[PDB]
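Notes to accompany the following structure.
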Amino acid sequence: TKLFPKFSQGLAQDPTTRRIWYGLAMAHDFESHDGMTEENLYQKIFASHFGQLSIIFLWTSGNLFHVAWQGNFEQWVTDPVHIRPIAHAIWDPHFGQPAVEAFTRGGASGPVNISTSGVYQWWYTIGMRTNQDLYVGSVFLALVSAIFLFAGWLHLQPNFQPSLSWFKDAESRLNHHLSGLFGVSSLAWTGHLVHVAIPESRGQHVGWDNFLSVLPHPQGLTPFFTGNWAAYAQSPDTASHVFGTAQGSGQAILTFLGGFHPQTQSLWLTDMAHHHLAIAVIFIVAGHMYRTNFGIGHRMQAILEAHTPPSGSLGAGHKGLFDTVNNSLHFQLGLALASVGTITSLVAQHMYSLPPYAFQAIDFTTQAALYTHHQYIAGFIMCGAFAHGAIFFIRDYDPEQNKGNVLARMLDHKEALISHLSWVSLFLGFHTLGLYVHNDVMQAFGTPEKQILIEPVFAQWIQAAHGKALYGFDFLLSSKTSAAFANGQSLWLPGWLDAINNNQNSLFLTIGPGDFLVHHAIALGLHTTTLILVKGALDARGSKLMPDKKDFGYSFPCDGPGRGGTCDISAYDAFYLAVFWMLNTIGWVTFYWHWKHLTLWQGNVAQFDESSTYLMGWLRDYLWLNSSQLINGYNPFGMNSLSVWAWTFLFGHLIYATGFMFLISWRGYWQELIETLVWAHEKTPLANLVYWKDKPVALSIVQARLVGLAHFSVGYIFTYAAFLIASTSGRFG
Amino acid sequence: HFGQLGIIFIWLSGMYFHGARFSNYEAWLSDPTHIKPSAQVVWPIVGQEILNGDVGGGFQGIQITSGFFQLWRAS
Amino acid sequence: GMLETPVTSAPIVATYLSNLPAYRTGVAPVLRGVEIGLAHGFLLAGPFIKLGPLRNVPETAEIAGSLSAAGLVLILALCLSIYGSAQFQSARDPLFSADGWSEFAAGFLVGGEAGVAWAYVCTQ
Amino acid sequence: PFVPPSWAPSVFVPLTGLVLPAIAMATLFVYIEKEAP
Amino acid sequence: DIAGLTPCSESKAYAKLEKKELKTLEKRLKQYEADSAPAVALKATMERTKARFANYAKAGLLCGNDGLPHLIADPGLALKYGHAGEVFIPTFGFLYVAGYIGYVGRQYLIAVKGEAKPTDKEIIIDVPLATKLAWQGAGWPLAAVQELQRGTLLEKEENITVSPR
Amino acid sequence: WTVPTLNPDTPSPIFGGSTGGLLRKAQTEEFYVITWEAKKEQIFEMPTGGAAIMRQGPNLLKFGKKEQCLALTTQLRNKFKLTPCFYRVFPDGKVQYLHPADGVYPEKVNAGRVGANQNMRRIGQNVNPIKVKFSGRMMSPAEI
Amino acid sequence: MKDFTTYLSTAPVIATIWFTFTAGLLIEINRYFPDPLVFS
Amino acid sequence: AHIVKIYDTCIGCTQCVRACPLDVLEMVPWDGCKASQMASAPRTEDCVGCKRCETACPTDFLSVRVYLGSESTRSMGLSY
Ligand code: CLA
Ligand code: CLA
Ligand code: CLA
Ligand code: CLA
Ligand code: CLA
Ligand SMILES: CC1=C(/C=C/C(C)=C/C=C/C(C)=C/C=C/C=C(C)/C=C/C=C(C)/C=C/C2=C(C)CCCC2(C)C)C(C)(C)CCC1
Ligand code: SF4
Ligand code: SF4
């Protein structure tokens, strides 16, 4: 029998090309490996996590190295407004001379790619100024990468393998991660801002060679130990400060200005230092909550057992959930993905509207790429969270040990949950689509005054509450006679109110009927995606159609043509369907973000305000109009620097369409076809002397769904990335 | 098959009828190059009468592309 | 059982196939590879010379085309080597054996590279 | 001292695009077809 | 005004939009004779257009910077400033008709489940029975509440099939 | 009843051949032989495509997989009222009689058969997957 | 006649009549009350 | 090989055995049902996993169940 894979003897004895495919697909599903034990499972995961960490730091090392070696960071810092950052150099022997000339830009000697990741603005804001800084950081992160890689090897050795009980000490890990990994790290980052980043933004060089002889504040720690903490808020940078120089600079290190720096149009460095200092204190305190070897604190199991409503409205309440969560790696991973997935979206929503990095707002391509990049990652992470929630119910859930608690009661009214999600999705779909179609017909018949335009008064009311005076509601921060307006008028409201009432930034953009319709489209996407993922999880164990589904596992082809036909009945298939809707939803979200910023960046918000209320407007004015420079990257008359994006644009369409082959045509057709090829090869002279070692077979039913989805997803992402970058940079490059 | 033929005759009869009653064929015969064939006219309701375009020959309607006018002239 | 056709079973066809070095048993595997290597190495230079990225350069075209063909011979020889490693791990014709195939692959490299060189000489 | 020589791309790009992938594919191919004892 | 909007009767963009729409029709009307049918059709469209812009302004709709009417959906704002006829009143118009349809269909379904072959009454409609129920559906809001208060609107959980959990 | 012995000398049905027959698997791994007695010459359909004529008396055909032999068995039994049997033949000459296993076709209950893979419970009485976790491999609760 | 009136009570025929009637009512209302966007 | 199991809800109707295209199942004597016979799965090394047997079973829920397992030349249905 074949050696590969070593972890599955069932696969190793498979005589077909299936084995290689499934050897790869099942490699990281440790629970399914031959001879796996619970303790060995945890130790294997622990080592894999070290592998991920070293990879991440090596990836960061590479980005630092190539910018220092091949970028123009030193030139960029002298004029960030009028210079394009360089990602890395191009060396491609397939280029012709015109391509060599076209990609030679940004001051470099040879062809280069322009960076869209925003690392230049990030590294500049935190004090990096020279290629030497980037080089040293690169070497440091490579060393940290090696140490993590070594630590992963070390803790696999006989005397360094943690026991199972070590991995299940929830109280101790939470204490350390809250106070140490979150709190101390935040406190240390505050030190960097106070000691390095803030002085650098004021024209002073502080490095390892002199940071022990430079006072962050003229009064060194005297205010800190005497309680006169207001001494650090005095003399902030003025409104005329020139970032990176001492002109108009202040002396404060901890402030609450609460707006944007007038030149860089980003958050104040002294506000970001005070933010992390306060966060550090909160997290350090929070990490002293749970009981450890010192006889104080909370036991998590005790807390859960106590929270049972007396009326019995939640049944047994949270009884048994400590063991359920603590014993299920899939319950933990589901929670982690859901939390990180939502946090990734928050990063996207807050970074565009409250830019933290200097000269980020004016780099339109970077702003578009970063929002789109993190929202798509959030979308994938959310699908995974529900996927592992469904895996939990099958593999890990024990009905007897969760008898009557909140988790078991969710299964008791799953039909109520699914049917109400179905109703919400139907209502949003019928009426959002209906209103768009009504407006398209009114536009088509030349009567734009007959279209249905519903003002988003609820959202505009919230914007007024935050101080936006455009809508005239005039209450809370919009009312100068309110207590909320008065109380904060000395801390942060002046800066905040100046920023929110400027319509040239992204801080609470003006909204109208076009924003109303698209927000309900997004709600349609969120609810429908949740419906598919939730239905998949709650029916994962069984349904009226397949009562014993849990006996078949998370992923399996089907249950055959019987009982009416059971294609795509597994919980895995529900996830597969949900990804299409996640891509559609994020597509609607990012289309919305991009078009609203393109018209803002072009100084004509009226085009969005008037074209976004009907769908021909999106097709004509967003997609068709903004494709012109992209599709001319190369043509019969020549090519320019957008040729790579033009080529990638079609590359994306091609992969997308190839995926349709695997999704539409199914296995039986192909298996019959391959048999005729098997016959032909054995009957062909000079070719039947060669022979295969793995009998060729068509891809499996499940495998086709995954591969087809992969092509669909990759083409989806590449097509939009090319359109996003080319349409933005071509306009503003 | 007789059923299918019956339906085709109804369809053909409708085309000839709409050419007789809802078209600009007579005007088109005089100036075939400068007039657009038209044999469908929409009722004025919910603003849809914009679809009755100015196809020439003192007539308003949807421009047809089936070529019936050219077939009728040939016969 | 099987369908017999003039193409599959003919005297002229069968005699021709037996004469080819692939089907000529009783010959050392190394010699088999050299004869097969020479035939394929010679033809391989053609398309590279006449249709390569340097086809229009007056004299560089011959060197680049044949030099690229030599690189493809090396890749093909590596494919033969790994095929023998995989296929033969545990009979009448020595060619279909772990030792025989390795010798056959080595002959293909020497014959193939020589064929490319001979083609270059013919051009110039 | 960190700056690589000007000729590094001429070597590393072919090395990681043609040579190392060729070795990796050849090594992996033999491994996945190897027969267990 | 509400949310920075302005009345359409006072909006320059709203007035300009009407001129453009009429101007487009006037240009087409030039190529036709006074009494010809195309001229009559175009003028009828022009009269409808002028009435439309007159009616919307009279109804007190708010117009945006684009000059297009914008609807107000919050019941408080709608009732305070006389916009209840835009969303609020239409809301209860729909729910009355929608519940009428739903309630009548439910009555028919329950009525035919006592027959010998219930499924035959679902593909061959008992029109005399359906017609009687249609007329009696005008009082569904009263009838529905009484069933809700009598505990007969909903079925008991012990009689509803569910899958294993 | 006793296990029959295969007779390789048996004549085969008249058939001109096709491209749908045996491949290299028969030479190296195994193939299948089906035999039956025909009352008269008659045309039947080959599972590999085409029409063949069964000779009167013994008949013998060879197939590449077990499903092909049983597919022809079903045709002969239901459309002609015959009683075929087939074997598995290994490259080294070993013959393994297969069907009918004990001389009586499986759909007819026969004495002396011992139940296999019979669970004395309903499907709804299988345990949850959590109870068989970490058993040494992937296994369903139906396997216990 | 009983059978023919039974045929006219089948789902597709009833749907055709009912939707023809419902469409006619909605079309005729818009004929006499054109361009209704709000209730006054 | 696939895993085929017979459960004690079997009525001994023989339809699964008649429907099996691979001769995996057979009927054996039993006393738990009126027919006094139960389905058996003696030769599961030949099961291809088509689930025709499950399609033929009249009981609710099924009395014959196929769980797809490791793939061999036989279970994959290859003739090569
Ligand atoms: C912290 C993150 C995390 C972790 C630790 C895991 C861990 C696990 N997941 Mg989970 N998962 C996650 C996130 C995570 N997941 C997310 C974000 C999603 C949503 C996308 C999912 C969705 C998901 C599903 C649906 C399943 C798992 C499964 C698994 C298990 C097996 C994984 C395996 O063998 O993959 C093997 C991986 C591969 C063979 C590679 C897949 C490559 C994909 C298709 C992308 C290819 C991109 C392509 C190459 C790009 C080319 C570009 C071109 C220009 C060149 C394992 C316990 C499986 C299981 O059985 O769990 C019990 C399972 O079915 N996960
Ligand atoms: C543009 C494509 C498209 C559209 C319009 C829909 C629409 C729908 N999908 Mg589907 N879906 C799609 C693509 C699409 N899907 C793709 C590519 C996949 C991946 C395989 C899925 C996977 C999927 C899943 C897994 C689920 C859905 C669900 C839904 C529903 C969501 C709720 C909703 O909108 O209700 C309102 C309904 C609509 C907007 C549908 C269109 C209604 C039209 C306009 C009616 C017109 C009637 C009119 C008289 C004309 C009739 C003419 C005719 C008689 C000739 C809805 C029926 C969910 C569902 O069923 O929720 C209950 C669900 O679970 N979809
Ligand atoms: C000269 C004699 C003649 C003519 C003109 C036709 C004409 C036709 N036959 Mg044919 N047919 C004939 C003799 C004839 N048949 C004979 C002798 C036989 C028996 C062997 C058949 C058996 C036969 C069958 C089984 C079928 C046809 C069908 C058709 C129709 C094919 C569709 C088509 O081209 O539509 C072109 C349409 C027209 C040109 C319209 C012509 C209408 C007038 C009334 C003439 C129809 C011909 C008829 C024989 C006239 C006398 C009928 C009666 C009063 C005596 C077409 C109308 C097919 C069909 O659609 O049948 C309904 C069909 O299924 N024929
Ligand atoms: C990163 C990967 C990579 C690299 C470095 C190259 C490099 C090259 N490609 Mg490309 N190529 C790649 C990936 C790559 N390719 C892929 C993935 C594909 C498939 C989509 C292609 C498809 C492709 C085609 C179709 C063609 C090229 C060609 C070329 C050449 C263009 C320059 C020229 O005019 O050469 C002219 C040729 C020369 C100057 C000869 C250079 C030396 C040859 C190639 C090898 C000599 C070997 C030597 C005799 C013995 C071994 C020595 C060694 C041990 C040191 C160049 C050698 C062109 C070419 O000429 O190919 C031969 C060409 O026609 N490539
Ligand atoms: C869908 C949710 C929703 C939202 C976000 C709003 C939002 C709003 N409503 Mg509306 N409202 C809603 C649903 C909603 N309403 C519904 C369903 C009804 C019918 C029962 C009403 C009935 C209503 C009235 C009668 C009034 C408002 C008013 C308001 C505005 C100011 C009061 C406030 O703080 O409301 C925030 C909303 C909530 C916390 C939810 C409950 C709101 C209740 C039903 C009304 C509270 C009125 C408030 C005490 C009036 C204070 C004096 C006023 C002059 C500011 C605000 C924009 C006031 C306004 O500005 O009128 C011009 C007002 O007088 N609403
Ligand atoms: C199936 C399943 C699962 C999964 C799940 C999931 C995936 C979920 C998700 C979820 C989610 C994803 C959620 C979310 C949520 C959220 C929330 C709940 C929020 C809240 C918020 C708030 C409350 C806020 C507030 C505020 C504002 C608004 C403003 C001002 C400030 C403040 C803060 C006051 C698990 C694993 C468990 C297992 C079992 C089964
Ligand atoms: S799955 Fe198919 S081959 Fe297996 S026992 Fe059932 S019917 Fe027979
Ligand atoms: S079909 Fe079902 S009930 Fe009938 S014998 Fe087979 S397993 Fe038993």
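Nothing in this text is a laboratory measurement; each read-out follows from the coordinates by a stated rule. Ideal geometry is used to build each Cβ from the backbone, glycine not excepted, and the neighbour counts take in all protein chains shown.
Among the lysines, select those whose C-alpha is under 17 Å from the C-alpha of A:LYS693, and discard any that sit fewer than 8 residues away in the same chain.
Straight-distance partners of A:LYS693: A:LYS2, D:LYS34, F:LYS25.
Can you grab the distance from the C-alpha centre of segment F:31-100 to the C-alpha centre of segment A:644-681, Å, no decimals?
39 Å
Given F:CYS85, A:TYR352, A:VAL457, which one lies farthest toward the positive end of the charge dipole of the protein assembly as shown, if we put +1 on the Cβ of every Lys and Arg and -1 on the Cβ of every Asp and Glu?
Final value for the positive-end residue is F:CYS85.
If I build a Gaussian network model for chain H, linking alpha-carbon pairs within less than 10 angstrom, which residue out of H:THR14, H:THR44, H:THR55 has the largest mean-square fluctuation?
Residue with maximal mean-square fluctuation among H:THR14, H:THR44, H:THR55: H:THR55.
Calculate the FRET efficiency for B:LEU29 and E:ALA37 from the Cβ-Cβ distance with a Förster distance of 25 Å, rounded to the nearest 0.05.
Computed FRET efficiency for B:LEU29 and E:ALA37 comes out at 0.80.
Would you work out the relative contact order for segment F:1-143, in percent, from Cα pairs under 8 angstrom that are 6 or more residues apart?
The value is 23 percent.
Taking a cut-off of 16 Å, what percent of all Cα-Cα pairs in segment A:672-712 are separated by more than that?
Summing the P(r) of segment A:672-712 above 16 Å gives 51 percent of all pairs.
In Å, what Kirkwood hydrodynamic radius results for segment A:121-183 from the alpha-carbon pair distances? Before the final figure, lay out the partial values.
Details: mean 1/r = 0.0662 Å⁻¹.
The answer is 15.1 Å.
Within segment A:540-581, what residues put their amide N at less than 16 Å from the label point 7 Å along the Cα-to-Cβ vector of F:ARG121?
A:548-552
Output the relative contact order of segment A:552-711, whole-number percent, from Cα pairs under 8 angstrom with separation of 6+ residues.
Worked out over segment A:552-711, it gives 18 percent.
Give the residue list of trypsin sites (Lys or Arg not before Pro) in segment F:1-54 that are DSSP loop and have at most 10 other beta-carbon atoms within 10 angstrom.
F:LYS40
Return the distance in nm (one decimal) between the two label points of a simple spin-label model at F:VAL104 and A:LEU346, each offset 7 Å from Cα along Cα→Cβ.
Inter-label distance under the simple model: 7.3 nm.
Which order, highest average first, do F:109-120, B:38-49 follow once you tally other Cβ atoms within 10 Å for each residue and take the mean per peptide? Write down the numbers at each step before the final one.
Numbers: F:109-120: 14.8, B:38-49: 17.0.
The densest-packed peptide leads the list: B:38-49, F:109-120.
Does segment A:1-109 come out rounded, prolate or oblate by the C-alpha gyration tensor, with a ≥ b ≥ c the root eigenvalues, rounded set by a/c under 1.5 and, if not, prolate when a/b is larger than b/c and oblate if not?
oblate
Two decimals is fine: what's Rg over Rh for segment A:210-305, C-alpha atoms, Kirkwood radius as Rh?
Computed over Cα atoms, the ratio is 1.17.
Name the residue from C:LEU31, F:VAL109, A:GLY317 whose Cα lies farthest towards the positive end of the charge dipole of the protein assembly as shown, charges +1 on Cβ of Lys and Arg and -1 on Cβ of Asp and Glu.
The residue sitting most towards the positive pole is F:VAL109.
So if the hydrodynamic radius of segment B:4-55 is defined as the Kirkwood radius over C-alpha pairs, what does Stokes-Einstein give as its diffusion coefficient at 20 °C and 1.002 mPa s, in µm² per second?
Value of D from the Cα-based Kirkwood radius: 170 µm²/s.
If I model a spin label as a point 7 Å beyond the Cα along the Cα-Cβ vector, how far apart are those points for C:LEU20 and F:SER12 in nm?
2.7 nm
Quick check of the Kirkwood formula: for chain C, what is the inverse mean of 1/r over all pairs of different Cα atoms, in Å?
Result for chain C stands at 16.1 Å.
Please report, for the Cα atoms of the protein assembly as shown, the Rg to one decimal and the Dmax as a whole number; what are they, in angstrom?
Here Rg and the maximum Cα pair distance are 39.7, 116 Å.
Give me the three principal axis extents of segment A:106-253 from the C-alpha atoms, as integers in angstrom, largest value leading.
That works out to 61, 58, 28 Å along the principal axes.
Over segment A:586-658, what lengths in whole Å, largest first, do the semi-axes of the equivalent ellipsoid take, defined as the square roots of 5 times the eigenvalues of the alpha-carbon gyration tensor?
Equivalent ellipsoid semi-axes, largest first: 26, 16, 11 Å.
Given DSSP loops and a limit of at most 11 other Cβ atoms within 10 Å, what is the longest stretch of chain A that contains no such chymotrypsin sites (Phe, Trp or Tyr not before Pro)?
A:295-636
To the nearest 20 debye, what is the magnitude of the charge dipole of chain A about its Cα centre, counting +1 on the Cβ of each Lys and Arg and -1 on the Cβ of each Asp and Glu?
Once rounded to the nearest 20, the dipole reads 600 debye.
Based on the Cα gyration tensor of segment E:1-164, what are the three equivalent ellipsoid semi-axes, each the root of five times an eigenvalue, rounded to whole Å and given largest first?
Each semi-axis is √(5λ); the values are 50, 26, 13 Å.
Enumerate the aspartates and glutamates that E:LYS50 could reach by cross-link, defined here as Cα to Cα under 17 Å, with residues fewer than 8 away along the same chain left out.
Cross-link targets: A:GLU449, B:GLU49, E:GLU10, E:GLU18, E:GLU21, E:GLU26, G:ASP35.
Could you compute the FRET efficiency for A:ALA444 and A:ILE701, with r as their C-beta to C-beta distance and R0 at 41 Å, rounded to 0.05?
0.40
On a C-alpha basis, how far is the centre of segment A:100-116 from the centre of segment E:95-165 in Å? Whole number, if you could?
Distance between centres, Cα-based: 72 Å.
For chain E, list the DSSP H helices whose alpha carbon atoms reach 24 Å or more along the long axis and whose average Kyte-Doolittle value is 0.0 or above?
Those that pass (Cα extent of 24 Å or more, hydropathy at least 0.0) are E:88-112.
Give the calculated FRET efficiency between A:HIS431 and G:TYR7 to the nearest 0.05, with a Förster radius of 41 Å applied to their Cβ-Cβ distance.
Once rounded, the FRET efficiency stands at 0.65.
Taking the convex hull of the alpha carbon atoms in segment A:314-399, what volume per residue do you get, in Å³?
Cα convex hull per residue, to the nearest whole number: 111 Å³.
Report the percentage of all Cα-Cα pairs in chain A whose separation exceeds 48 Å, rounded to a whole percent.
Tail of P(r) above 48 Å: 28 percent of Cα pairs.
Kindly state, as a whole number, the per residue volume in cubic angstrom of the convex hull around the alpha carbon atoms of segment F:1-143. Write down the numbers at each step before the final one.
On the way: hull volume 27.3 nm³, N = 143.
For segment F:1-143, the hull spanned by Cα atoms encloses 191 Å³ per residue.
So how far, in whole Å, is the C-alpha centre of segment A:118-175 from the one of segment E:48-90?
Taking the Cα centre of segment E:48-90 as reference, the centre of segment A:118-175 is 61 Å away.
When we measure straight from the Cα of A:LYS480, which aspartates and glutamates land under 18 angstrom away, once same-chain ones fewer than 8 places off are left out?
Reachable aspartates and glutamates: A:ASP498.
Dipole of the protein assembly as shown, Cα-centred, from +1 at each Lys and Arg C-beta and -1 at each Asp and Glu C-beta, to the nearest 20 debye?
Details: 96 positive and 100 negative charges, 437 e Å.
Using only the charged Cβ atoms, the result is roughly 2100 debye.
Under the rule of -39500 (n - 2.57) per DSSP H run of 4 or more residues, summed and divided by the residues of chain A, what mean residue ellipticity at 222 nm is obtained, to the nearest 500 deg cm²/dmol?
It lands at -17000 deg cm²/dmol.
Give a quick list of chymotrypsin sites (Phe, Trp or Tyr not before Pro) in segment F:1-75 that DSSP marks as loop, anything other than H, G, I, E or B, with at most 12 other Cβ atoms within 10 Å.
Those that pass, being in a loop and sparsely packed, are F:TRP1.
Starting from the Kirkwood Rh over alpha-carbon pairs, what translational D in µm² s⁻¹ does chain H have by Stokes-Einstein at 20 °C and 1.002 mPa s?
168 µm²/s
Mind listing which trypsin sites (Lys or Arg not before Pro) in segment A:264-322 are in a DSSP loop and have 14 or fewer other Cβ atoms within 10 Å? Walk me through the numbers before you get to the answer.
Details: sites: A:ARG291, A:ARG299, A:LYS319; in loops: A:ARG291, A:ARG299, A:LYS319.
Counting only loop positions with at most 14 other Cβ atoms within 10 Å, the trypsin sites (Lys or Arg not before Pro) in segment A:264-322 are A:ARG299.
Once Rh for segment A:462-517 is found with the Kirkwood sum over Cα pairs, what is the Stokes-Einstein diffusion coefficient at 25 °C and 0.890 mPa s, in µm²/s? Walk me through the intermediate numbers first.
On the way: Rh = 11.7 Å.
It diffuses with D of about 209 µm²/s by this estimate.
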